[PDB]
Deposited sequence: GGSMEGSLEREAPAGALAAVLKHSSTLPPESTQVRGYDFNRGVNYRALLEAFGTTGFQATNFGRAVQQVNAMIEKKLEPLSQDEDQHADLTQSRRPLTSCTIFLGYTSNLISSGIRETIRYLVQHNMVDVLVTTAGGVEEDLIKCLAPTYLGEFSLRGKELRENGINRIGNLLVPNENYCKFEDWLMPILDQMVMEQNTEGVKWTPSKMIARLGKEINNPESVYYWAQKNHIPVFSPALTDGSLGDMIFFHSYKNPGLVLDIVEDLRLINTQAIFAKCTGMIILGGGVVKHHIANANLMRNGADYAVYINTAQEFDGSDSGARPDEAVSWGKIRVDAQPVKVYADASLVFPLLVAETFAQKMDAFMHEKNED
């Protein structure tokens, strides 16, 4: 067995040794260590070529990695972390919750600010209401195009296809969804219209009615990704995002007690996720380039 032992700062500030020593530190530090091993196993599996027997828009690899996250993390600076992974094709499918799309898009038009625990407060973050007004103006012409394409070109819209379209339109390398569509990484979000984006789609529908967003074609798409995977890796940030995974890491502060080798790290992902990425995907950056 492994002895409990924390990093000894008499050795100086050796950051890599420090991060490795979380594994033997105990409690959630140990879980962070296990999360690093689990994600490195997904990456190692993913970079392993498909054998001649295992062969199949996005090409299949030896490990399909699903990255899920709640909207709050897209409001946070973890948006940059997720965008980096998507940009370099390190994950294959994104899943998110109400708000998780528009909050990325809105940051390309106006910044989010730090406050404290016309303003939309999200934890200690501040989104001025003018951000959402700018977003409305940008969005409306796109929605007119989408309804026209539905009615005159037989386009059958789903949340994922809509998200891809919004990513193409924002046309900005800081956007998670710009990179997702450019790299053919599908984004699933049945709760896409539950928040502000949904409010705008709602008002738009009275000037220009009939937009259909089907979730059943998306249901087929996401499940086929899971079913045809050689191996599956899950990285889920925050709770309430998804409902067998060969590798899995969950990072959230949800409790089990009210009913709400897989690894759970009980921590705010805003602290843990960048450290996790530093020791995993960022070490194998060239292999993905």
Which parts of the deposited sequence have no C-alpha atoms in the model? 1-30, 87-93, 155-164, 291-301, 319-337, 367-372
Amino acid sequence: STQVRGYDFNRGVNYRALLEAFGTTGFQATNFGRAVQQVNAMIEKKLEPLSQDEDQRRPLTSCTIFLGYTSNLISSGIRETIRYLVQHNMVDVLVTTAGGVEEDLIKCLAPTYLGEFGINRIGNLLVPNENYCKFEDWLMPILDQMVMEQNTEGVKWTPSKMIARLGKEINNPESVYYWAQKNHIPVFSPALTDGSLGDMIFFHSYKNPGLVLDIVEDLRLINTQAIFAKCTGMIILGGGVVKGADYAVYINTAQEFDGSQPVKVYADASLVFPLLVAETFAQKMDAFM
From here on, numbers count along this sequence of modelled residues.
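Rigid core here is just the name for the largest C-alpha set that superposes within 1.5 Å across the two forms.
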Stretch with greater C-alpha deviation in 6 other deposited structures of this protein, 190-198 versus 168-176 (rigid core superposition): 190-198
Rigid core superposed, root mean square over structures and residues, which stretch has C-alphas farther from this form in 6 other deposited structures of this protein, 145-153 or 93-101? 93-101
When the other structures of this protein are compared, and only where the residues around it are present, is residue 56 absent from a third or more of them? yes
Quick note on 167-175 and 82-90: per-entry mean CA temperature factor is higher in 167-175
Once average C-alpha B-factors are taken from the entry for 26-34 and 250-258, the winner is 250-258
Of 98, 180, 127, 201, which one's C-alpha B factor is largest in the deposited record? 127
Looking at 195, 186, 141, 159, which has the highest Cα B-factor in the entry? 141
Could you tell me which third, lowest, middle or highest, the C-alpha B-factor of residue 63 occupies within its chain? middle
Please rank the C-alpha B-factors of the chain's modelled residues and tell me whether residue 103 sits in the lowest, middle or highest third. middle
Should residue 76 be placed in the lowest, middle or highest third of its chain by the C-alpha B factor in the entry? lowest
Third of the chain's Cα B-factor distribution that residue 52 belongs to, per the entry: highest
Third of chain Cα B-factors occupied by residue 191: lowest
